[PDB]
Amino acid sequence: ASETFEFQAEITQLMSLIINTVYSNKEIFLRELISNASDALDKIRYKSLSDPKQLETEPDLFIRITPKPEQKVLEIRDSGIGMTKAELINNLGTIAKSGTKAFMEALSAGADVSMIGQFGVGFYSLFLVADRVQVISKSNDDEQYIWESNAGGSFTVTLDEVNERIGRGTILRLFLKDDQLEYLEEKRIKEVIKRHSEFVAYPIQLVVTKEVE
């Protein structure tokens, strides 16, 4: 069974603001999610310095992007530190985030939406191109769990019994808006990645499906 939680009020406001913004540089969501993925990977690598065993659940450190055309879904995966159930609830919704209000105020002053990451709330930039998101995570410290949101004021967390097993890490499953399906296309994804992510220490793998001739 799923458990429902309430978002901290300001986060709900930020989400409403983002999913509705007519901003023109929506592609920035990928840079923010790849950046978060890279950070999660840095954390497991660092932790492993004094606890090498932590790497064994998934020895390969990578960031992987997988378009799922039929479902109009785009997945951004990492084999980073992952999030336990408590962390999902804590880190993605119930706790007040320092920059949330600050960023919204900056936005009102004329700040570029691209600044979202510098305010520490880059995760929510995903609502620029998706109206729904499932965060599937597996931390060495917990079972695999699914956190889900539709930018509304509440989210759910459910023990994962329906998705592929992740050795360790997180999958951001974005359910793209109908007018943002260009991010399912290989060429588009490739150019967005090359443009704002040249100094990423991990391999960024793009999964492409090609019909055999």
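For clarity, a rigid core is taken as the largest C-alpha set superposing within 1.5 Å between two forms. Numbering starts at 1 and follows the sequence shown.
Greater average departure of CA atoms from the shown form, over structures and residues in 6 other deposited structures of this protein after a core fit, characterises 92-100 among 92-100 and 132-140.
Look at the mean CA B-factor for 93-101 and for 136-144 in the entry; the higher one is 93-101. Averaged over CA atoms, B-factors in the entry run higher in 20-28 than in the other of 198-206 and 20-28. Going by the entry's values, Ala151 shows the largest Cα B-factor out of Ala151, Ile65, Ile44, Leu172. Remark: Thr156 belongs to the middle third of its chain, ranked by C-alpha B-factor as recorded. When the modelled residues of the chain are ordered by C-alpha B-factor, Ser38 sits in the lowest third. Annotation for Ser125: C-alpha temperature factor in the lowest third relative to the rest of the modelled chain, per the entry. When the modelled residues of the chain are ordered by C-alpha B-factor, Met15 sits in the lowest third. The entry lists a Cα temperature factor for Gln180 that places it in the highest third of the chain's modelled residues.
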